[PDB]
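Colleague: Have a look at this one before I ask anything.
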Amino acid sequence: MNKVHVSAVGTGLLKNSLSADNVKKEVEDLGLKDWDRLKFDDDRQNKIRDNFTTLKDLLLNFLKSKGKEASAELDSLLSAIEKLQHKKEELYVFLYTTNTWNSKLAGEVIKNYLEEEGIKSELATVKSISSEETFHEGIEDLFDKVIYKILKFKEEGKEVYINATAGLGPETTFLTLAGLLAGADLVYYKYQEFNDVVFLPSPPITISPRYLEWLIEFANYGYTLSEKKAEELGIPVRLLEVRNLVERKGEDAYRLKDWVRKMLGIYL
Amino acid sequence: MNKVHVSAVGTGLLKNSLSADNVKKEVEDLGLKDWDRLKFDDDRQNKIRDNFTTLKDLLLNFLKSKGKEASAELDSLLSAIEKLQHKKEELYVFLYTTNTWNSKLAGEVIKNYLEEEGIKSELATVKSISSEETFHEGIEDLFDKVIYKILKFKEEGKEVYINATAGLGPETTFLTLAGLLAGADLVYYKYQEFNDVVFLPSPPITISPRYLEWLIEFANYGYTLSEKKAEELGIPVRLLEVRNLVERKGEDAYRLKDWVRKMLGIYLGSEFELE
């Protein structure tokens with residue numbers, strides 16, 4: 001399994017499955033009508049939790065019935081595997097989703113489907129983003145659960161392919177960017193439109209070397225300074241502050257942002 | 001205008017405006033029910049072109065009436081401007097949209113609304129992506145109309161902020177990545193289910209220097225290398241082929257892919273192939 005595909009999983013499968021009368025019936029009977037849009041802390045998440053095994057089998061039967069197009073994630077994954085001619089014996093699919101019952105339901109059904117197709121996979125869960133505070137925690141969690149896994153796959157000598165299709169705006173862009181900094185080989189994307197997988201300009205990137213030297217220096221003075229130590233060591237803290245890398249936390253001091261610490265994990 | 005925001009414009013505004021019964025009426029009278037989802041070469045694009053002034057004023061009055069939240073683009077842009085405290089005198093908004101009448105309609109209304117709010121802006125158009133062939137041409141045009149414009153704004157000494165809200169999937173991942181390579185300072189995004197904009201980790205990035213040296217070497221040898229010659233230069237052509245940087249041309253030749261040459265224009269200058 002030298003060929004890893006990485007993909008987020010959303011709730012599109014749950015929404016699509018309401019097209020089957022048997023699923024719609026069960027979802028309405030359980031009181032789960034808008035199950036594909038439940039927020040992280042909606043009490044109706046607990047109806048999914050309580051019925052998890054029976055909802056898994058129900059959605060796996062639906063997906064078996066309808067095929068890969070029931071999941072935009074499966075659809076992009078399996079199309080890309082076909083287009084790249086990756087063999088099942090060489091494949092590992094790293095799925096991730098938010099730690100919410102509706103998302104985990106989708107992820108486990110996709111994992112079970114791939115395993116019956118003879119493709120090994122895992123499902124990792126990341127904190128939900130429900131607010132601006134939790135956005136930053138969510139990003140850090142993506143570094144720990146996903147980006148560091150990419151880095152480790154690359155150090156084992158695996159090829160890593162990122163499915164940009166699935167996910168909400170900012171998480172997919174962050175996944176792609178940080179994924180490429182971690183050494184991912186290629187990013188792809190399926191348009192439903194023309195039913196074909198394209199390869200994004202996936203240039204291999206690094207943190208700008210001027211900036212990486214300054215940032216590694218910070219991680220030798222704790223994780224703050226005073227302004228006469230930054231101009232001291234040729235660090236344009238104004239430019240660091242505009243580019244969102246330091247926060248004036250001190251009172252003429254500067255401070256190194258937690259996501260930046262996580263990211264230095266790629267290099268140190 | 002030393003604070004430049006870059007944002008795509010989509011047809012969400014057109015769809016949203018049908019909430020207002022005066023707009024819905026007028027659009028339905030012209031036979032423009034699905035005007036937010038027309039394909040680039042749908043004959044109804046001509047009905048938009050032919051009624052453009054009328055539809056512009058109608059959407060602009062709807063926008064005035066219902067507020068910025070009728071456009072995910074305006075909403076993210078103006079929320080971001082507020083959160084960053086960017087002043088009207090310092091602002092310039094570079095909008096871009098596909099060269100289709102429904103999109104140009106959305107873009108002109110947003111441009112007009114920003115200008116009435118005292119924000120100078122311009123609207124560039126880029127080729128439609130309607131297929132796999134057109135995907136690559138589409139990306140090249142985004143390099144030429146948007147990414148090279150970011151490079152120019154940076155060379156003028158301006159700061160550049162990218163609105164990563166608006167767009168289908170792949171365009172905004174491309175704009176984020178290539179815009180950061182071109183020196184963009186910050187990327188932001190507005191979540192619907194909150195009132196506020198978040199700032200993405202917008203790390204300053206460059207092409208990996210090992211790869212940039214390898215890719216520049218192709219340019220010195222006519223953009224093709226034998227496997228043997230690639231070896232003598234320390235260029236791992238099979239790795240480059242896995243990352244889609246080169247394409248195998250015959251039994252024993254590797255050619256730099258076209259897209260890579262657009263990206264190298266970031267470091268060598270847009271015209272570098274012509275010298």
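Naming scheme: A, B, ... for chains in displayed order of the structure tokens; residues 1 onward per chain; ligands 1 onward as shown.
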Pull out every residue of chain A that has at least one atom within 6 Å of chain B, counting only C-alpha atoms, and report them as a PDB file with N, CA, C and O atoms, in the first residue's frame.

Modeller:
ATOM      1  N   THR A 173      -9.172  23.765   1.409  1.00  0.00           N
ATOM      2  CA  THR A 173      -8.085  24.614   0.924  1.00  0.00           C
ATOM      3  C   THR A 173      -6.937  24.435   1.910  1.00  0.00           C
ATOM      4  O   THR A 173      -5.796  24.224   1.450  1.00  0.00           O
ATOM      5  N   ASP A 185       1.791  14.335  -3.131  1.00  0.00           N
ATOM      6  CA  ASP A 185       2.300  14.222  -4.531  1.00  0.00           C
ATOM      7  C   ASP A 185       1.332  14.895  -5.501  1.00  0.00           C
ATOM      8  O   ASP A 185       1.809  15.473  -6.478  1.00  0.00           O
ATOM      9  N   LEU A 186       0.013  14.813  -5.267  1.00  0.00           N
ATOM     10  CA  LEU A 186      -0.957  15.248  -6.282  1.00  0.00           C
ATOM     11  C   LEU A 186      -2.302  15.499  -5.654  1.00  0.00           C
ATOM     12  O   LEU A 186      -2.670  14.778  -4.727  1.00  0.00           O
ATOM     13  N   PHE A 194     -19.129  17.303 -15.823  1.00  0.00           N
ATOM     14  CA  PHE A 194     -18.673  16.529 -17.013  1.00  0.00           C
ATOM     15  C   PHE A 194     -18.117  15.170 -16.599  1.00  0.00           C
ATOM     16  O   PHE A 194     -17.546  14.453 -17.475  1.00  0.00           O
ATOM     17  N   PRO A 204       5.199  21.423  -5.861  1.00  0.00           N
ATOM     18  CA  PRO A 204       5.682  21.089  -4.533  1.00  0.00           C
ATOM     19  C   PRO A 204       6.139  22.423  -3.889  1.00  0.00           C
ATOM     20  O   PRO A 204       6.742  23.225  -4.548  1.00  0.00           O
ATOM     21  N   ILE A 205       5.697  22.682  -2.689  1.00  0.00           N
ATOM     22  CA  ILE A 205       5.868  24.008  -2.032  1.00  0.00           C
ATOM     23  C   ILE A 205       6.557  23.774  -0.695  1.00  0.00           C
ATOM     24  O   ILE A 205       6.455  22.675  -0.060  1.00  0.00           O
ATOM     25  N   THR A 206       7.133  24.846  -0.209  1.00  0.00           N
ATOM     26  CA  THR A 206       7.747  24.917   1.118  1.00  0.00           C
ATOM     27  C   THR A 206       7.416  26.301   1.688  1.00  0.00           C
ATOM     28  O   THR A 206       7.001  27.217   0.950  1.00  0.00           O
ATOM     29  N   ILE A 207       7.547  26.440   2.983  1.00  0.00           N
ATOM     30  CA  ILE A 207       7.514  27.780   3.607  1.00  0.00           C
ATOM     31  C   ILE A 207       8.682  28.574   3.075  1.00  0.00           C
ATOM     32  O   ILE A 207       9.747  28.004   2.849  1.00  0.00           O
ATOM     33  N   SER A 208       8.442  29.830   2.760  1.00  0.00           N
ATOM     34  CA  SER A 208       9.486  30.744   2.247  1.00  0.00           C
ATOM     35  C   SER A 208      10.683  30.678   3.182  1.00  0.00           C
ATOM     36  O   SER A 208      10.481  30.798   4.377  1.00  0.00           O
ATOM     37  N   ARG A 243       1.065  39.190   8.137  1.00  0.00           N
ATOM     38  CA  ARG A 243       0.942  37.852   7.488  1.00  0.00           C
ATOM     39  C   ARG A 243       0.454  36.814   8.506  1.00  0.00           C
ATOM     40  O   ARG A 243       0.385  35.629   8.108  1.00  0.00           O
TER      41      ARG A 243
END

Colleague: Excluding segment 11-19 of chain A and any residue of its chain fewer than 5 positions from it, enumerate the residues within 12 Å of it, using only C-alpha atoms, and give them as a VMD selection string.

Modeller: chain A and resid 24 to 28 32 to 39 48 55 to 56 58 to 75 97 to 98 100 to 110 165 to 168

Colleague: Could you take the residues named above and write them with C-alpha atoms, as an mmCIF file, in the first residue's frame?

Modeller:
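Writing the result to selection36.cif gives the following:
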data_model
loop_
_atom_site.group_PDB
_atom_site.id
_atom_site.type_symbol
_atom_site.label_atom_id
_atom_site.label_comp_id
_atom_site.auth_asym_id
_atom_site.auth_seq_id
_atom_site.Cartn_x
_atom_site.Cartn_y
_atom_site.Cartn_z
ATOM 1 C CA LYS A 24 -36.778 8.015 4.085
ATOM 2 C CA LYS A 25 -39.355 5.979 6.045
ATOM 3 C CA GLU A 26 -36.779 4.881 8.706
ATOM 4 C CA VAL A 27 -35.226 8.417 8.917
ATOM 5 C CA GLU A 28 -38.712 9.995 9.428
ATOM 6 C CA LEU A 32 -34.118 12.342 11.761
ATOM 7 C CA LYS A 33 -35.632 14.379 8.863
ATOM 8 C CA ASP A 34 -32.730 16.880 8.231
ATOM 9 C CA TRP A 35 -29.968 14.418 9.382
ATOM 10 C CA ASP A 36 -27.480 15.589 6.688
ATOM 11 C CA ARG A 37 -27.484 19.202 8.189
ATOM 12 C CA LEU A 38 -27.481 18.528 12.010
ATOM 13 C CA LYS A 39 -25.112 20.825 13.952
ATOM 14 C CA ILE A 48 -27.937 8.502 15.187
ATOM 15 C CA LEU A 55 -28.310 3.137 10.185
ATOM 16 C CA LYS A 56 -24.878 1.853 8.971
ATOM 17 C CA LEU A 58 -29.319 0.676 5.903
ATOM 18 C CA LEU A 59 -26.968 3.215 4.252
ATOM 19 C CA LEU A 60 -24.516 0.521 3.145
ATOM 20 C CA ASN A 61 -27.446 -1.325 1.427
ATOM 21 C CA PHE A 62 -28.593 1.930 -0.203
ATOM 22 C CA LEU A 63 -25.000 2.659 -1.425
ATOM 23 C CA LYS A 64 -24.579 -0.965 -2.695
ATOM 24 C CA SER A 65 -27.955 -0.518 -4.584
ATOM 25 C CA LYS A 66 -27.260 2.985 -6.125
ATOM 26 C CA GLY A 67 -23.424 2.649 -6.647
ATOM 27 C CA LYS A 68 -20.577 5.172 -6.049
ATOM 28 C CA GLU A 69 -22.534 8.282 -7.276
ATOM 29 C CA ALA A 70 -24.542 8.275 -3.951
ATOM 30 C CA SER A 71 -21.310 9.665 -2.312
ATOM 31 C CA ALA A 72 -19.440 12.606 -4.015
ATOM 32 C CA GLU A 73 -16.410 11.337 -2.001
ATOM 33 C CA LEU A 74 -16.605 7.684 -3.201
ATOM 34 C CA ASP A 75 -17.367 8.984 -6.738
ATOM 35 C CA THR A 97 -14.668 13.587 9.036
ATOM 36 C CA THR A 98 -15.787 15.793 11.936
ATOM 37 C CA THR A 100 -20.299 14.333 14.909
ATOM 38 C CA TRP A 101 -22.627 11.292 14.664
ATOM 39 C CA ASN A 102 -24.051 12.239 11.199
ATOM 40 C CA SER A 103 -20.509 12.660 9.711
ATOM 41 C CA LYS A 104 -19.164 9.483 11.422
ATOM 42 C CA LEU A 105 -22.159 7.612 9.978
ATOM 43 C CA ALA A 106 -21.227 8.688 6.453
ATOM 44 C CA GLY A 107 -17.498 7.939 7.020
ATOM 45 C CA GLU A 108 -18.079 4.393 8.471
ATOM 46 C CA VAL A 109 -20.443 3.476 5.553
ATOM 47 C CA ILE A 110 -17.831 4.668 3.003
ATOM 48 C CA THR A 165 -13.745 17.376 -4.092
ATOM 49 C CA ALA A 166 -15.451 16.698 -0.678
ATOM 50 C CA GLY A 167 -15.586 19.209 2.282
ATOM 51 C CA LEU A 168 -16.610 22.854 3.097
#

Colleague: Could you pull out the residues in segment 11-217 of chain B that DSSP calls helix (DSSP H, G or I) from the backbone, as a PyMOL selection string?

Modeller: chain B and resi 12-17+21-30+35-37+44-50+52-66+68-70+72-84+88-90+101-116+132-155+169-181+209-217

Colleague: Quick one: residues within 6 Å of residue 255 of chain B, only C-alpha atoms, excluding same-chain residues fewer than 6 positions away - as a PyMOL selection string?

Modeller: chain B and resi 223-224+246-247

Colleague: Please extract the residues of segment 4-122 of chain B with a backbone DSSP assignment of strand (DSSP E) and present them as a ChimeraX atom specification.

Modeller: /B:4-8,91-98,120-122

Colleague: One decimal, in Å: what's the spacing between atom CA of residue 45 of chain B and atom CA of residue 100 of chain B?

Modeller: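 Calculated distance between atom CA of residue 45 of chain B and atom CA of residue 100 of chain B is 7.1 Å.
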
Colleague: In Å, rounded to a single decimal, give me how far atom CA of residue 239 of chain A is from atom CA of residue 77 of chain B.

Modeller: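 Atom CA of residue 239 of chain A lies 22.2 Å from atom CA of residue 77 of chain B.
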